Amino acid sequence: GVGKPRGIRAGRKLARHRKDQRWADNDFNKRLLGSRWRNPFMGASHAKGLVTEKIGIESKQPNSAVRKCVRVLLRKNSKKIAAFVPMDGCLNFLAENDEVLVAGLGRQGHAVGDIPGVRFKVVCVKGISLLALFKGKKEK
Amino acid sequence: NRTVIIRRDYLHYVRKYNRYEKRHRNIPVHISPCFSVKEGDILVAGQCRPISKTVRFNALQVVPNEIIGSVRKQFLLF
Amino acid sequence: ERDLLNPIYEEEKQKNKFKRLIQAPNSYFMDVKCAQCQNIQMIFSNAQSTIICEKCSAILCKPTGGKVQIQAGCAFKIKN
Amino acid sequence: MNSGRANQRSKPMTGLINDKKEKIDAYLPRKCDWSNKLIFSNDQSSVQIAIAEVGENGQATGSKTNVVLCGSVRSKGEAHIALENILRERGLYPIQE
Amino acid sequence: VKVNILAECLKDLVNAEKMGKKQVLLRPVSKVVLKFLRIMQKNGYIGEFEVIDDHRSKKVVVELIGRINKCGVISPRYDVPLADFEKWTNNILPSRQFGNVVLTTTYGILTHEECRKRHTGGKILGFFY
Amino acid sequence: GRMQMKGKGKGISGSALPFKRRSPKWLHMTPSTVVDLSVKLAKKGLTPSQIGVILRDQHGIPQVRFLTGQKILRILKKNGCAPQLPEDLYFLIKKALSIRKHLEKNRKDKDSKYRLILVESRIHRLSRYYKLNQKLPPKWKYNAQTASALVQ
RNA sequence: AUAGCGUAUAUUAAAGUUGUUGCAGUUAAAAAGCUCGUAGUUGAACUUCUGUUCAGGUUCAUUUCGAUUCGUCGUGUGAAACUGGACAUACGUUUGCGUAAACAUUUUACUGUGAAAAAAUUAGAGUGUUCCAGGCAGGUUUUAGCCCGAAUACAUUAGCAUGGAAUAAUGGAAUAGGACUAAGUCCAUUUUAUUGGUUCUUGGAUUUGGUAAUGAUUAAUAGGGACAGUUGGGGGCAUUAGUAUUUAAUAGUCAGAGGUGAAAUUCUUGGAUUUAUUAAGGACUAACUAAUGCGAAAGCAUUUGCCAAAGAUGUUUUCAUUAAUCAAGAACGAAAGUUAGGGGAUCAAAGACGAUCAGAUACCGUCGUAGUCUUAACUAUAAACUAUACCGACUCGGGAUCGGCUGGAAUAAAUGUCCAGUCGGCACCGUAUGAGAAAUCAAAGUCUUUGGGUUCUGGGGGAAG
Ligand SMILES: [Mg+2]
Ligand SMILES: [Mg+2]
Ligand SMILES: [Mg+2]
Ligand SMILES: [Mg+2]
Ligand SMILES: [Mg+2]
Ligand SMILES: [Mg+2]
Ligand SMILES: [Mg+2]
Ligand SMILES: [Mg+2]
Ligand SMILES: [Mg+2]
Ligand SMILES: [Mg+2]
Ligand SMILES: [Mg+2]
Ligand SMILES: [Mg+2]
Ligand SMILES: [Mg+2]
Ligand SMILES: [Mg+2]
Ligand SMILES: [Mg+2]
Ligand SMILES: [Mg+2]
Ligand SMILES: [Mg+2]
Ligand SMILES: [Mg+2]
Ligand SMILES: [Mg+2]
Ligand SMILES: [Zn+2]
């Protein structure tokens, strides 16, 4: 039985069948139709943007805190994006309307941990790093 | 007019699934009036200079034979 | 103790005709003597429809389901 | 049609042998005398039956035939058969009188 | 619908070896089935076997001892160039140390080994170990 | 097994040919006499099969080919009495027509409509065979109206 | 980890979570409601089996030996699978010197060689770029030189050449001048330095004698067909019954009937409920009625008659691979619903009311329309359920059951009993040293010891049918 042809003239039906069923695999689907290119980064690794808002975001259950964040206007897209601002009092290194460098959170299009729905993090402020600034290597 | 079409059936091999696939090709051939050609006969044709848009082949030898049903469905790999 | 190659007769006789080694049939042929005109005829064991003796036209056998009914005083022997 | 069964016992059993012709195999398992399967370390139900040899005076000789049977065979209830036949081929059954 | 008589006879065989059975009635049979058996017998696995002529296809009784761990057919009967031998002996067989992959060749039906010694190949039939 | 009954169709009706190919010892008819009887029966408009039955029940002839060497139809062919349309197809069409007949009148009968579909299906399916094997004229088709006038 | 090391994103292994090898689909996502069927994929068995002898190697074994040596060689003897001769009704003629050709061998797939083939890459030999990445160089005082290298493999598909026995497909002589051979008749015809007649050859066609074993494999526990006694709640027409609900008539009798947890809406003196006898009108087939039957599924239960159809069994009947599964394309397909007519008794969505309740636009009660039934038509859907695809094998035991058949036995001698076989159905009960995550499963078994044939479906959850 096995519901699958075994025969030596069966070649195309086999391969076509796969060329079909392959679509149910998600990464294949998302890859094959442009999905990457339409996302707020336009397929890219990071993006530069402007800061519209500094915003607090109350954490998912069962955690309570205020996640410091920013809403950024991506310069390539002009799409609006909600991004997280890492470590401690780094929300202070940000002024409204700065240039800011933004990357994924490591789930490739999805939110991490207790921050609901927020898919991006802040990397650079003006030109400098949040790391450089935090450890106080450079000054803004 | 003085032209037929010929059909060559072959098995193309798909490496992965490790079996073959049934493909065919249609070659327009030129028939000299000196031949009696029944639909569904066996033709030998030599290469030729470009006679027309489609035709690069000319009929050399006809072999008579009987095909049952339509000529299309009949599959001979020789 | 059992050997497929030398199966036991009384067993094969019990088996269905297709499940024996030689796949042998159950039918016979019989010489039948008409009760009236005393003619001898040949009749298949499971014979279909009806048989009338050629001499006197009287009824010898009746059809069924694999049995033939030998009618009345008609005597028979199996041919083999 | 016995031939293969006889030829099977014709030569002795050997564990792994390297090119230096050592025996490498830690122990040589007993194999069942009917099915010819291997007798496990772990086999709960594998059995070795010893049966006595008899002189014309009814005397035991102290001589024994050992018939090994394996778990699957007893368990399927083939044992009572297997044994009898194993005793035929060794010439010990039926018992003469 | 019967396809591949070699497959019928081979599976029925393995089944009866596995059930500890002492012999197998095998039906129906072909050249190929008999050459395959002549091969397994020659190679030590089955014992003596007898062919029975019913006027049609045939029947075959096979004395088994027990040796066969498995004996299969591969369908479809693939194409096995000499290059591909490695694949098939690694994929099909229990170990390098034994077991055979039988093939049809224009030189006849062979242990894959007989094929290296005959230097040919190309059509896979089955295997036994 | 039984064609076009999926699920349970599967069983074995009998016939099993004996081993002895030689005709039986008690049988005294010359193969010629047999060919005579079979042709008489034939000209009377019987079927190769029906002829077979007659020879077997009445005449003590178990298998005609093991006597003659020629099967019944081949005999009919040589000796010229021939059943133009194969007995085989003949009956299938007779049937498909009896169903046509009954169905024109009872138009609400669904089972018989479906049975018809099945039988016609088999008819075409046999046509292909007898055509590729040259036993039927190449342009021959089964239609309602064509086959109704077709010797059935 | 380390002169590097975090992070983001695409992609690779992890992934047997894309599965040809190699996955899953009873309940985790998953078998299409059901049949027919074209493309596609898939296809039962049979043909120079075999034996005898010779040689060449190649392997093997070793109570044959040897020689030398740190293991090869020689040799035994037998034993193998070859390879190739040879004779056997037996892998071909015929000619020119082990090799060509021509003739003849139906074609191919497949396989072994070979040709044709781009370097750099990659694999890899040689070589101490101080190692190494790597480079293609190098090594030597015998120097107005010398020594040595710049390998080789791989180079998939398709073309090309050639060896092939199996396997697989296809072929050939069934209206046969088919084959061989002899004798004729035509149409061509190179050579005979040239044209003309005769001829010759040759190569096509054709007529007739003769020769030959003249030419048709079995007959699948494959399939189609015939036929014979049956079996069925399969279908379509007609017929026909039966109480029951509702209503009416004709008789009776009276004060209450209904309904509920209580009740109230209702019905009732114009006489209800109730009783007897009829009649009308639509439905519906109780009980027998079952782990029973039939039908493709949906579904099918009163009598009789008609019409076509069906399985299983029985065949020493006939055909002879006609078959399996199936995108296209088709026939069906509960209920509810829709269109146009009928019909309208029962129930009864909507609705009207009673009650209950905090609220009931609900469960309960009294009513009641569409519907329920029917002609013609649409519609295509269900937990359309064994949630379990179809054809085919093979793997345990036991009674029983429905339908055939085969013997046997008892009687009150038969369309009835019982007994023993067996073929096919629906199941059940044990049991598996078989399967599974388990529940469980005689298939859901014969699965990492992974390949009998074929369609379909699934790839975290929602979004969302
Ligand atoms: Mg994935
Ligand atoms: Mg990461
Ligand atoms: Mg959480
Ligand atoms: Mg630090
Ligand atoms: Mg069957
Ligand atoms: Mg569920
Ligand atoms: Mg075959
Ligand atoms: Mg010869
Ligand atoms: Mg009435
Ligand atoms: Mg009525
Ligand atoms: Mg019943
Ligand atoms: Mg209406
Ligand atoms: Mg109240
Ligand atoms: Mg009511
Ligand atoms: Mg009886
Ligand atoms: Mg599983
Ligand atoms: Mg277990
Ligand atoms: Mg059970
Ligand atoms: Mg599998
Ligand atoms: Zn008489």
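Please treat every number below as a calculation from the coordinates, not as lab data. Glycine gets a Cβ as well: all are built from the backbone with ideal geometry, and neighbour counts include every protein chain shown.
Quick notes on this structure:
- The single residue among F:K101, F:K95, F:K131 that is more than 14 Å from chain C (Cβ to nearest Cβ), exposed (fewer than 12 other Cβ atoms within 10 Å of the Cβ) and either more than 16 Å from ligand 20 (Cβ to nearest atom) or assigned to a helix (DSSP H, G or I) (or both) turns out to be F:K101.
- Qualifying residue in region D:57-67 (condition: away from chain E (no Cβ under 14 Å), surrounded by 17 or more Cβ atoms within 10 Å (Cβ to Cβ) and outside any loop (DSSP other than H, G, I, E, B)): yes
- In region F:8-26 there is no residue matching the filter, namely being more than 16 Å from ligand 5 (Cβ to nearest atom), away from chain C (no Cβ under 14 Å), out of contact with any strand residue (DSSP E or B) (no Cβ under 7 Å at 6 or more places or on another chain) and more than 26 Å from C:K19 (Cβ to Cβ).
- Residues in region B:45-76 that are of a type in the set (V, I, T) and touching a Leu at 6+ places or on another chain (Cβ under 9 Å) were compared, and the one that is surrounded by the most Cβ atoms within 10 Å (Cβ to Cβ) is B:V62.
- Residue that is surrounded by the fewest Cβ atoms within 10 Å (Cβ to Cβ) [pool: residues in region D:68-94 that are within 14 Å of chain E (Cβ to nearest Cβ) and among the hydroxyl-bearing types (S, T, Y)]: D:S75
- Any hit, region F:42-57, residues being touching a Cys at 6+ places or on another chain (Cβ under 6 Å), free of Cβ contacts under 8 Å to residues at least 60 places away in the same chain and more than 10 Å from chain C (Cβ to nearest Cβ): yes
- Residues satisfying the stated conditions in region E:49-58, i.e. buried (at least 16 other Cβ atoms within 10 Å of the Cβ), at the interface with another protein chain (Cβ under 7 Å from one of its Cβ atoms) and either polar (S, T, N, Q) or assigned to a strand (DSSP E or B) (or both): E:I52
- Residue list for region E:12-48, filter: of a type in the set (G, A, S) and outside any helix (DSSP H, G or I): E:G20, E:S30, E:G44, E:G47
- So B:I42, is it closer than 23 Å to F:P138 by Cα, hydrophobic (A, V, I, L, M, F, W, C), within 14 Å of another protein chain (Cβ to nearest Cβ) and surrounded by 13 or more Cβ atoms within 10 Å (Cβ to Cβ): no
- The C-beta contact set for region F:1-25 (first residue more than 6 Å from RNA strand G (Cβ to nearest atom), second residue of a type in the set (A, V, I, L, M, F, W, C), distance under 6 angstrom, 6+ apart or interchain) comprises F:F19/C:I22; F:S23/F:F66; F:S23/F:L67.
- Residue match in region C:41-57 (condition: more than 10 Å from every other protein chain (Cβ to nearest Cβ), without any contact (Cβ under 8 Å) to a residue 12 or more places away in the chain, away from ligand 3 (no atom under 16 Å from the Cβ) and of a type in the set (S, T, N, Q)): yes
- Options E:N15, E:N4, E:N69, E:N43: the member that is at positive phi and either touching a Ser or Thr at 6+ places or on another chain (Cβ under 6 Å) or not hydroxyl-bearing (S, T, Y) (or both): E:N4
- Among the residues of region F:48-81, those identified as assigned to a loop (DSSP other than H, G, I, E, B) and surrounded by fewer than 16 Cβ atoms within 10 Å (Cβ to Cβ) are F:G69, F:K71, F:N79, F:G80.
- If you go through region A:1-19 and keep only what is at the interface with chain B (Cβ under 7 Å from one of its Cβ atoms) and not small (G, A, S), you end up with A:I8, A:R9, A:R12, A:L14.
- Count of region E:19-46 residues which are under 14 Å from the mean Cα position of the chain (by Cα), within 14 Å of chain D (Cβ to nearest Cβ) and small (G, A, S): 1
- Only a single criterion out of (1) of a type in the set (D, E); (2) out of contact with any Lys or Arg (no Cβ under 9 Å at 6 or more places or on another chain); (3) under 25 Å from F:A16 (Cβ atoms) is not satisfied by C:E54, namely (3).
Rundown of residues vs (1) basic (K, R); (2) within 16 Å of ligand 1 (Cβ to nearest atom); (3) assigned to a helix (DSSP H, G or I), yes/no style:
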| site | (1), (2), (3) |
| --- | --- |
| A:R9 | yes, no, no |
| A:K13 | yes, no, yes |
| A:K19 | yes, no, yes |
| A:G49 | no, no, no |
| A:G56 | no, no, no |
| A:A82 | no, no, no |
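- Enumeration of residues in region A:60-76 that are within 15 Å of RNA strand G (Cβ to nearest atom) and in contact with a strand residue (DSSP E or B) (Cβ under 8 Å, 6 or more places away or on another chain): A:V72, A:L74, A:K76
- Close Cβ contacts (under 7 Å, 6 or more residues apart or on different chains) running from residues in region D:1-29 that are within 12 Å of another protein chain (Cβ to nearest Cβ) to residues that are among the basic types (K, R) comprise D:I17/D:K23.
- Residues satisfying the stated conditions in region D:59-78, i.e. under 12 Å from the mean Cα position of the chain (by Cα) and among the aliphatic types (A, V, I, L, M): D:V67, D:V68, D:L69
- Any chance C:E1 is surrounded by fewer than 17 Cβ atoms within 10 Å (Cβ to Cβ), away from ligand 20 (no atom under 16 Å from the Cβ) and not in a loop (DSSP other than H, G, I, E, B): no
- Scanning region E:59-80 for residues being within 9 Å of another protein chain (Cβ to nearest Cβ) and of a type outside the set (D, E, K, R) gives a total of 7.
- Among the residues of region D:1-52, those identified as under 30 Å from E:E50 (Cα atoms) and not in a loop (DSSP other than H, G, I, E, B) are D:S3, D:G4, D:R5, D:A6, D:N7, D:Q8, D:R9, D:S10, D:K31, D:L38.
- Looking across region F:1-41, the residues that are small (G, A, S) and either surrounded by 10 or more Cβ atoms within 10 Å (Cβ to Cβ) or not in a helix (DSSP H, G or I) (or both) come down to F:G1, F:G7, F:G9, F:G11, F:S13, F:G14, F:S15, F:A16, F:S23, F:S38.
- Residue match in region A:95-106 (condition: assigned to a loop (DSSP other than H, G, I, E, B), exposed (fewer than 15 other Cβ atoms within 10 Å of the Cβ) and in contact with a strand residue (DSSP E or B) (Cβ under 6 Å, 6 or more places away or on another chain)): yes
- Filtered by the rule that a residue be under 24 Å from F:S13 (Cα atoms) and more than 10 Å from chain F (Cβ to nearest Cβ), region C:58-80 gives C:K62, C:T64, C:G65, C:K67, C:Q69.
- Residues in region C:26-40 that are buried (at least 16 other Cβ atoms within 10 Å of the Cβ) and within 10 Å of chain F (Cβ to nearest Cβ): C:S27, C:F29, C:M30.
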